[PDB]
């Protein structure tokens, strides 16, 4: 029969959870995004942004200053209707420039999963490099230092 139970997330299962298959769960994604927005709205340190080309919403980003004082790109998405057309690179570059304008720092941080080859390539082309650190979710950290 069913044997339903719940486990805390640890290194033993975190990557299995990160790989939960939620393909085509359209309504589920709406709730996921609504919860993202609830969280950024409440936490003074976090900020959500719609990414536009003119009047068309083409993506989403969440970013800001964590503790101790590092500025992270936390979430970054391009709508599937508009992927493969240069928007991710152009928007990510602009956001990077906006963030080092806003904050005193010249460094930005993000982390990536190991199978995410496109993301690694995009971030590398923009100047992020692996910095030898692991984030708390086990992802490898990348860092952009603006000279």
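Numbering follows the first chain given and starts at 1.
Stretches compared: 27 to 35, 63 to 71. Higher mean C-alpha B-factor in the entry: 63 to 71. Here the stretch with the larger average CA B-factor, out of 84 to 92 and 49 to 57, is 84 to 92. For residue 9, the recorded CA B-factor ranks within the middle third of the chain. Only modelled residues enter the ranking. Sorting the modelled residues of the chain by their CA temperature factor places residue 21 in the middle third. Per-chain ranking of the deposited C-alpha B factor places residue 114 in the highest third.
Looking at the C-alpha B-factors along this chain, the one for residue 120 belongs to the highest third.
Among the modelled residues of its chain, residue 101 has a C-alpha B-factor that falls in the highest third according to the deposited record.
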